[PDB]
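Each remark here refers to the structure printed beneath this line.
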There are 2 protein chains.
Amino acid sequence: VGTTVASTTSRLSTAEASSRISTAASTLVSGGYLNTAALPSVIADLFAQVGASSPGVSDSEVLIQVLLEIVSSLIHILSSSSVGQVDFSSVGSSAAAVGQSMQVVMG
Amino acid sequence: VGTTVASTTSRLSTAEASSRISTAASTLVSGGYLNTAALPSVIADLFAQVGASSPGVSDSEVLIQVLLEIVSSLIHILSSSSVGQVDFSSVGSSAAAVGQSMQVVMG
């Protein structure tokens, strides 16, 4: 998986990755916060745009790119945030929400 | 990669993943915000914890688990956050930070 990281990172350092990330973060917190109703939408989009440019790529490599853009977006958001008071009793829904989104990337 | 998602999600729904996520988020925003100095530390930890339980697993499957816990944590945080004013000029460092952390997971 190592060599795979050096492949997706090379394409993520391009202007293209910047645009996608902007749309992923712009929609992720569009309404004003994290919308699970878009989580699966953004993930499916990124994998679609990137998957269309590299159809001969492997499901793995393409996957590493989808997560690279997703994190890059949400991450850029926290940079400004301050992380107030979060309840650990939410991790359950958080892990479930993400686990369900993956279902949209594979189908 | 589809079958891989149904494999990591099955183990992520266990109390084990819950704990890991707690430390991933508790430390991700410990100081009060996102610390890039820990980004590579948390990712390397999760990959180690899960990698120690499933040594016969594939670098791919194990990878999908490392990102599943990371997102579950950060995500659980936003649930409480309100996402103030974020600058798109931060995406660059965001994508770079994550793209650099991967190097700590495989080296």
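Would you mind computing Rg(Cα) / (2.2 N^0.38 Å) for the stretch B:1-62, counting N as its residues? Mind dumping the intermediate values first?
Numbers: Rg = 12.8 Å, N = 62, 2.2 N^0.38 = 10.6 Å.
Its radius of gyration relative to the 2.2 N^0.38 Å reference: 1.21.
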Shortest first and in nm to one decimal, what separations exist between B:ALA37 and its copies in the other chains, measuring from label points 7 Å along the Cα-to-beta-carbon line?
4.1
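Expressed as a rounded percentage, what relative contact order does chain A have, with Cα pairs under 8 Å and six or more residues apart?
Details: 75 pairs, mean separation 40.5, N = 107.
It rounds to 38 percent for chain A.
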Ordered shortest first, which distances in nm separate the 7 Å Cα→C-beta label point of A:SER18 from those of the other copies?
4.4
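When averaged across all projection directions, what area in nm² does the alpha-carbon convex hull of the stretch B:51-107 cover? Intermediate values should be presented prior to the final figure.
Details: hull surface 20.5 nm².
With the hull built on Cα positions only, its mean projection is 5.1 nm².
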Over all residues in B:43-50, what is the mean tally of Cβ atoms on other chains that come within 10 Å of each residue's Cβ?
0
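Taking only the alpha-carbon atoms of the protein assembly as shown, what semi-axes of the equivalent ellipsoid follow from 5 times the gyration tensor eigenvalues under a square root, in whole Å, largest first? Don't skip to the end; give the middle numbers.
Working: eigenvalues 97, 89, 54 Å².
Here the semi-axes work out to 22, 21, 16 Å.
Could you give the dipole magnitude of the protein assembly as shown about its Cα centre, charging the beta-carbon of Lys and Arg +1 and that of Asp and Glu -1, in debye to the nearest 20? It would help to have the intermediate numbers written out before the result.
Details: 4 positive and 12 negative charges, 25 e Å.
Rounded to the nearest 20 debye, it is 120 debye.
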I need the inter-copy label distances for B:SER54: point set 7 Å along Cα to C-beta, values in nm with one decimal, smallest first.
2.3
Surface/4 estimate of mean projected area, convex hull on alpha-carbon atoms of chain A, nm²
7.4
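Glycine also receives a Cβ, built like all others from the backbone with ideal geometry; neighbour counts cover every protein chain displayed. A short reminder: the numbers here are calculations on the coordinates, not readings from a lab.
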